[PDB]
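Spelled out, the chains give:
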Amino acid sequence: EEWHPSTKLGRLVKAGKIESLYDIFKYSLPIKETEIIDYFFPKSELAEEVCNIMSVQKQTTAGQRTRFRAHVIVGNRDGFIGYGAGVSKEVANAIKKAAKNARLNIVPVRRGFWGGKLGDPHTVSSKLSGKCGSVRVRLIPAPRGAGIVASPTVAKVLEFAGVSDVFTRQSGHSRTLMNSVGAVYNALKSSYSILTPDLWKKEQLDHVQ
Amino acid sequence: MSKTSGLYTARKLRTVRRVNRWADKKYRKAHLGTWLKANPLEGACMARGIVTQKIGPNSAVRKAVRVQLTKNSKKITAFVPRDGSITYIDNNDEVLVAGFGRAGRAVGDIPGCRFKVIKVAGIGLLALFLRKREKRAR
Amino acid sequence: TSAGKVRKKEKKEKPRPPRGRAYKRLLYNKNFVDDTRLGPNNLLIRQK
Amino acid sequence: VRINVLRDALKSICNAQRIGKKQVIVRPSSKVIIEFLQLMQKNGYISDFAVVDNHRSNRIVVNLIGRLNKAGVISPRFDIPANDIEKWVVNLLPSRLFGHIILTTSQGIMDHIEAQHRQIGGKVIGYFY
Amino acid sequence: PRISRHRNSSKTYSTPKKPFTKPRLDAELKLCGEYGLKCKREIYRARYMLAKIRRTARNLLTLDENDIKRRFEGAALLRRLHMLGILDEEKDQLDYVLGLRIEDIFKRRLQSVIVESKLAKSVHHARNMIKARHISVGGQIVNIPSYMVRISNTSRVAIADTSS
RNA sequence: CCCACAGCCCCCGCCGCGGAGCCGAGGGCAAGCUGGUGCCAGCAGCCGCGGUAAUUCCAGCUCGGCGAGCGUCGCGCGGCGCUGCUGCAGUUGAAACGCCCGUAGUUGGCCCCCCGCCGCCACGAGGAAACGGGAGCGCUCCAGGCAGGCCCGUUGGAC
RNA sequence: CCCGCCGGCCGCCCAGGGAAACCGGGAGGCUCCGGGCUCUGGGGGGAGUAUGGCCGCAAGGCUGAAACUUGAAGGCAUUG
Ligand SMILES: [Mg+2]
Ligand SMILES: [Mg+2]
Ligand SMILES: [Mg+2]
Ligand SMILES: [Mg+2]
């Protein structure tokens, strides 16, 4: 009936002990419950899209067995993006599984300024690259008002991630959607793990949490 | 590493590129000179010729014609696409012949045909198939 | 055997569309202000 | 045969940092290496180093403190016009905010920011960030 | 040769590299509806102008603040933008220029100033009135819908003193 | 009014013709309803359709794109990091000479504190304009042109 | 005997890399894409063919096209 947490993190979240999702990301805790992300997003701010739907067959003694694989992304257009996949005998359940998996894994996207620092960040912090299969992606900071220079599929990810200006370069067999989306996702995921001199400041740890 | 990278090695790079750029089929076909001589159209957009005979996994016979170019005197076949246009072409009628979409190569399921018929007696085939004009003068 | 063997209704005399920019204005009220989807056979059954 | 001492030194340094060591050894002790290391130290990437004499290409020891991500050389020293630097900056470094490109000029070894300030150019040695 | 051979000429607009793209079509139609635009060449002209402004701003921004060329070109560009009214008076930094959009260009059209003065019932009504020659920009009647009005003349756009 | 004469633009009075086509609707690629024909006729740049619902041929309706322009043919650039200096690949996909010596050629460890020479960087002179960039000027705007106002830097045409 | 150094021949393997099989005494330090030198390749056939040149007693070797044709040929791996 109601959401009975099955994890310590879920229980703490049900209680109002934790106040922000950034309070979770800072310690790299794995997420297993989909109820945790709606609690921080009660109004369903997160978007959703279905990138592709393909049919996969398996040869058997009698004819063929078919199945469906789907890819889904979600984001609130403000520094949060997630990618997930699902496979099932029927399209709808595959889509539900893909959406659940995409919601489950989510990462923050760091943003920065091109030259002049005025107002909110408008592009990626610096150069970012990702690799999945044969596909490679490069993200280059751009000036304000430049739009998104990329293919329709990648631009959808960058829009759902909350970016406005960026140049992109692609390599490999880009017609394989899964690997392109995975490469861009990995590049975005790497954003917050890249040291920059402003973060050289030496901070002492905190015993709490 | 593999390639030369010294500060005084531009000559070798130029020579290597000059030699190796002849390996591309497109560059060869465009800059070698054989195709231009072997092409009965000699680099022209389209040609004016004289028809001399009508002939024609899919199993549909396509209607074409044998033609001789006025300026060249070599023989080729050009295929009349639009329906009902076989009757609009009569033996020994001046025609203007162009090419298909793929320069040089054959197009579609048609074997041994690489051109098109677009005018007869000076009237566009499209203008006649839609009844805009008429060939009462021939 | 005879080519063109496969190759009558009187045209329905109805007013021309409003050309110029009014055509754009006609589309603007077509879908947004006026109820839409489009392409079903049953939809034409409603139209008839 | 050995040619570019600076390249070998930088590669060794990066490999050592990758596994998070603290001290490295580099056989060559050229002046250019010394100026490169001085610039790195002043900018805050490698802290301290010492040169160990032996009459036969002295050795040098350096300390690591993380921070450094990449550092390389340009094997054929190009010529960089004072007014033609933004293209190299964009092509080589991750962002225009941070990073240092080393140029050797008639005025000594300096960084691309300093040369841009003095509106002069020269030859490029390497980079780091 | 004839003297007519030395008369210069150039195009003034660009076409999108990808034509069939649904969001672009919808946005262009929406902009036409809010500005009553005839065809899509006007949006292309606007994008051309915006691209020129942005490229100039970029080139000036790469240079040092105390560069004589930077000072000269930025001052000229700022003066032109302000006199046109596209950029606000309170802004005088080249950085703000990169944030300009074609909508600011549209707002300074003759139809725009006509409508926001409440002188016309609508953009279409404004255009039809402009054609009939009932409007006296400054002291001179103008029948060009796309005529752009500067700040110093916005208060001076009136009805033609000769119109019925 | 202008014009060597005439036109033409523009100004003035009278009467007052409101007209859109070229492509396409399976994917690339934005855009769907009946009647025919039956691997025939035909479409199709590629995949493909048509052997009785033909979502692709032939017609009607409907719909989409651009627009006084639209479509077709050939060439060049881009697409192309499929000519790769920036910036390709070389175990198995196409590709390391059977091995050694070796000349032209290319490449060459470290070190001297100030001299001369070469390259190198910056500045400068000198030398055609147009084109291109670009300061200023409301040809009704614009494509353009170097004008123009009154009390103009010596009005200006800088660079 | 066991503790080391140099050089050589081998096996397994953490990272890392790669389409993968796998390599790991590199096939690592590379789209974060610059140590030096040399050679080779640019969809598949026609074809290592024709015509010339050189070498060789000969068999043959080195060098080495075009017209024309064609929409796939190939690599590693998965289920039957
Ligand atoms: Mg092979
Ligand atoms: Mg490389
Ligand atoms: Mg290749
Ligand atoms: Mg070949």
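Regarding how it was determined, this PDB entry cites cryo-EM in its header, along with a resolution of 3.14 Å.

As recorded in the PDB entry, chain E goes by the name Ribosomal protein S9, listed as coming from Giardia intestinalis assemblage A. The title field of the PDB entry reads "40S ribosomal subunit of the 80S Giardia intestinalis assemblage A ribosome with Emetine bound in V2 conformation with mRNA and three tRNAs".

Looking up chain C in the PDB entry gives the name 40S ribosomal protein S30, with the organism given as Giardia intestinalis assemblage A.

Peer 1: Just to check I follow, could you spell out the packing of helix 5 (residues 152-160) of chain A against helix 6 (residues 177-189) of chain A for this structure?
Peer 2: Each pair of packed helices can be summarised by the angle the axes make with each other and by the distance between the axes. Residue and element names in this part refer to chain A. Direction vectors running N to C along helix 5 and helix 6 enclose 35 degrees, while the axes themselves pass 10 Å from each other. The two elements helix 5 and helix 6 cross, and the hand of that crossing is right-handed. Where helix 5 abuts helix 6, its residues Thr153, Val157 and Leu158 lie against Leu177, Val181, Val184 and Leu188. Classifying every residue of the contact of helix 5 with helix 6 gives 6 nonpolar, 1 polar and no charged.

Peer 1: Looking at this model, I keep getting lost on the side chain of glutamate 42 of chain E. Mind explaining?
Peer 2: By the element assignment, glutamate 42 of chain E lies in helix 2 (residues 41-62). Within the buried set, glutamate 42 of chain E has no salt-bridge partner at all; the shortest N-O distance to an opposite charge, 5.0 Å, is to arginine 127 of chain E.

Peer 1: I tried to follow the interface of chain D and chain A on my own but got confused; where do I start?
Peer 2: One frequently used descriptor of interface size is the decrease in accessible area upon assembly of the parts. Every contact between the two is made by 14 residues of chain D and, on the other side, 10 residues of chain A. In total, chain D and chain A occlude about 990 Å² of area from one another, counting both sides; carbon and sulfur atoms represent 58% of this. There are 0 salt bridges connecting chain D and chain A. At the boundary of chain D and chain A, one finds 2 residue pairs in polar contact. When residues of the side of chain D that touches chain A are assigned to their parent elements, the largest contribution, 3 residues, is made by helix 3 (residues 86-92) of chain D.

Peer 1: Help me out: how do you make sense of the state of the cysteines in this one?
Peer 2: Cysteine pairs can be covalently joined through their sulfur atoms, and such a bond is termed a disulfide. Under the criterion given, the structure shown has 0 disulfides over all chains. Free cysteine: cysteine 51 of chain A, not disulfide-bonded; nearest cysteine sulfur from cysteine 132 of chain A at 14 Å. The exposure class of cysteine 51 of chain A is partly exposed, given its relative accessible area of 29%. Counting only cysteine sulfurs, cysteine 32 of chain E is the nearest neighbor of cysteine 39 of chain E, a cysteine outside any disulfide, at a range of 9.5 Å.

Peer 1: How do you make sense of the protein's contact with RNA strand F when you look at a structure like this?
Peer 2: Of all residues adjacent to RNA strand F, which total 79 residues, the nearest are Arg17, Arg62, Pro81 and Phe100 of chain B together with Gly39 of chain C. Within 4 Å of the protein, the contacting atoms of RNA strand F are drawn from sugar and phosphate to the extent of 73%. Taking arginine 19 of chain C, its side chain carries an N or O atom lying 2.7 Å from a phosphate oxygen of RNA strand F. Within the backbone of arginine 150 of chain E, a nitrogen or oxygen atom sits 3.2 Å from a base oxygen of RNA strand F. At the level of secondary structure, the elements contributing two or more residues to the surface near RNA strand F comprise helix 1 (10-20) of chain B, helix 2 (41-47) of chain C together with helix 2 and helix 3 (68-84) of chain E. If you tally residues by element for the surface near RNA strand F, the top one is helix 3 of chain E, at 5 residues. Looking at the surface near RNA strand F residue by residue, the class counts come to 26 nonpolar, 22 polar and 31 charged.

Peer 1: I'm lost on the pairing of strand 2 (residues 64-75) of chain A in this one. Help?
Peer 2: The side chains of a regular strand alternate between both faces of the sheet. All names here are of chain A. Bridge count between strand 1 (residues 49-59) and strand 2: 10 bridges; the pairing is antiparallel. If you follow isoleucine 53 over to strand 2, its bridge partner there is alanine 70. In sequence, strand 1 turns back onto strand 2 through a hairpin of 4 residues, with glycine 63 there showing a positive phi of about 60 degrees. Pairing between strand 2 and strand 3 (residues 80-88): 8 bridges, direction antiparallel. Its bridge partner lying in strand 3, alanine 70 is registered against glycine 86.

Peer 1: Teacher, can you tell me more about the nonpolar core here?
Peer 2: Note on soluble globular proteins: their nonpolar side chains tend to be buried together. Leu6, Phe36, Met40, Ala71 and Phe128 of chain D are the most contacted members of the largest nonpolar core, which totals 24 residues. Of all the elements in the fold, those that place two or more residues in this core are helix 1 (5-18), strand 1 (23-26), helix 2 (31-43), strand 3 (59-63), strand 4 (71-73) and strand 8 (122-128) of chain D. With 6 residues, helix 1 of chain D is the single largest residue contributor to this core. For this core, the domains that each give at least three residues are domain 1 (1-68) and domain 2 (69-129) of chain D. Contact partners of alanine 71 of chain D, with chain neighbours within four places excluded, come to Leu10, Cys14, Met40, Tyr127 and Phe128 of chain D. With 23 residues, the next largest nonpolar core counts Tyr83, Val109, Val124 and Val184 of chain A among its residues.

Peer 1: Looking at this structure, how should I read the protein's contact with RNA strand G?
Peer 2: Around RNA strand G, the surrounding shell holds 36 residues, and the nearest of these are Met1 and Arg105 of chain B together with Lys11, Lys70 and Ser75 of chain D. The share of sugar and phosphate among atoms of RNA strand G within 4 Å of the protein is 60%. Within the contact set of RNA strand G, a phosphate oxygen lies 2.7 Å away from a side-chain nitrogen or oxygen of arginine 136 of chain A. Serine 2 of chain B places a main-chain nitrogen or oxygen 3.0 Å from a base oxygen of RNA strand G.

Peer 1: What is the right way to read the sheet that holds strand 7 (residues 128-132) of chain A from this model?
Peer 2: Within a sheet, adjacent strands bond to each other through the backbone by hydrogen bonds, running parallel or antiparallel. Residues and elements named next belong to chain A. Read across the open sheet, the 4 strands follow the order 7-8-10-9; overall the sheet is mixed. The open sheet has two edge strands with one neighbour each: strand 7 and strand 9 (148-149). By the bridge criterion, 6 bridges tie strand 8 (residues 135-141) to strand 10 (residues 166-171) in an arrangement that is antiparallel. Residue pairing in the sheet places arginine 136 in a bridge with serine 171 of strand 10.

Cut-offs and rules
- Residues numbered from 1 in each chain as written, not as in the entry; some residues may be left out.
- Chains lettered and ligands numbered in written order.
- Part of a larger assembly, values for the part shown.
- Heavy atoms only, no water.
- Residues with missing side-chain atoms left out of burial classes, pairs and counts.
- Axes fitted to C-alpha atoms, helices over the stretch in contact; angles between N-to-C directions.
- Helix = DSSP H or I, 4+ residues; strand = E, 2+ residues; numbered from the N terminus.
- Left-handed = near helix turned anticlockwise from the far one by under 90°.
- Contact = heavy atoms within 4.5 Å.
- Nonpolar A, V, L, I, M, F, W, Y, C, P; charged D, E, K, R; others polar.
- Buried < 20%, exposed > 50% of the residue type's maximum accessible area, 1.4 Å probe, protein only.
- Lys, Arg positive; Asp, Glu negative; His and termini not counted.
- Salt bridge = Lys/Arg side-chain N within 4 Å of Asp/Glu carboxyl O.
- Buried area = accessible area lost by both parts, 1.4 Å probe.
- Polar contact = N/O pair within 3.5 Å; in protein donor to acceptor, adjacent residues only side chain to side chain.
- Disulfide = S-S within 2.5 Å.
- Near = heavy atom within 4 Å.
- Pairing = 2+ DSSP bridges.
- Core = buried A, V, L, I, M, F, W, Y, C linked by side-chain atoms within 4.5 Å.
- Domains from an automatic or database assignment.

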